[PDB]
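Structural characterization, general
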Amino acid sequence: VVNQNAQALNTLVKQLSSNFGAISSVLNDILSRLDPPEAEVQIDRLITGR
Amino acid sequence: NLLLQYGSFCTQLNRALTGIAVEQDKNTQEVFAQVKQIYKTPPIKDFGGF
């Protein structure tokens, strides 16, 4: 039970580094590199994946 | 190539299926293997009329 809880938590933490079809996993890079009125199409997919 | 960027959902799915499939043998063992020796009925059938 301890091991399965720990590995589930570790998988949940490590899932934050995925791309989910966006340009990058880093939120700051997406919001800085791209123009603000067109970055929503990149933010939304990452939000849905998380 | 497009699937490998989504993370490790499929690893979790395979782990769940393996955990489901492995417990059927445990259920069968804990239900039917309660005996320690293979007892054999005697060739005679004098059970008092039963």
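Analysis parameters
Residues numbered from 1 in each chain as written, not as in the entry; some residues may be left out. Chains lettered and ligands numbered in written order. Part of a larger assembly, values for the part shown. Heavy atoms only, no water. Helix = DSSP H or I, 4+ residues; strand = E, 2+ residues; numbered from the N terminus. Rg over C-alpha atoms; globule rule 2.2 N^0.38 Å. Buried < 20%, exposed > 50% of the residue type's maximum accessible area, 1.4 Å probe, protein only. Areas by Shrake-Rupley, 256 points an atom, 1.4 Å probe, with all protein chains shown as cover. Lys, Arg positive; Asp, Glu negative; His and termini not counted. Charge placed at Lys NZ, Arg CZ, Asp CG, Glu CD. Contact = heavy atoms within 4.5 Å. Buried area = accessible area lost by both parts, 1.4 Å probe. Salt bridge = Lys/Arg side-chain N within 4 Å of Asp/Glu carboxyl O. Polar contact = N/O pair within 3.5 Å; in protein donor to acceptor, adjacent residues only side chain to side chain. Nonpolar A, V, L, I, M, F, W, Y, C, P; charged D, E, K, R; others polar.

- Its PDB header attributes the entry to cryo-EM and lists the resolution as 3.0 Å.

1. Structural notes on the overall build of chain B
- Across its full length, chain B carries one helix and zero strands.
- Against the compact-globule benchmark of 10 Å for 50 residues, chain B has a radius of gyration of 24 Å, which places it well outside the compact range.
- Oriented by its inertia axes, the alpha-carbon framework of chain B measures out at about 75 × 20 × 15 Å.
- A burial count over chain B gives 0% of its 50 residues as buried.
- Total accessible area on chain B stands at roughly 5,200 Å², and carbon and sulfur atoms take up 62% of it.
- Placing the 5 positive and 4 negative side-chain charges of chain B at their respective mean positions leaves the two points 6 Å apart.

2. Points about the interface of chain B and chain A
- In this assembly, seven residues from chain B lie in contact with seven residues from chain A.
- Across the interface of chain B and chain A, roughly 570 Å² is buried in total on both sides, 44% from carbon and sulfur atoms.
- The tally of links between chain B and chain A comes to zero salt bridges.
- On inspection of chain B and its partner chain A, the count reaches three residue pairs in polar contact.
- Taken together, the residues that form the side of chain B that touches chain A break down as two nonpolar, four polar and one charged.

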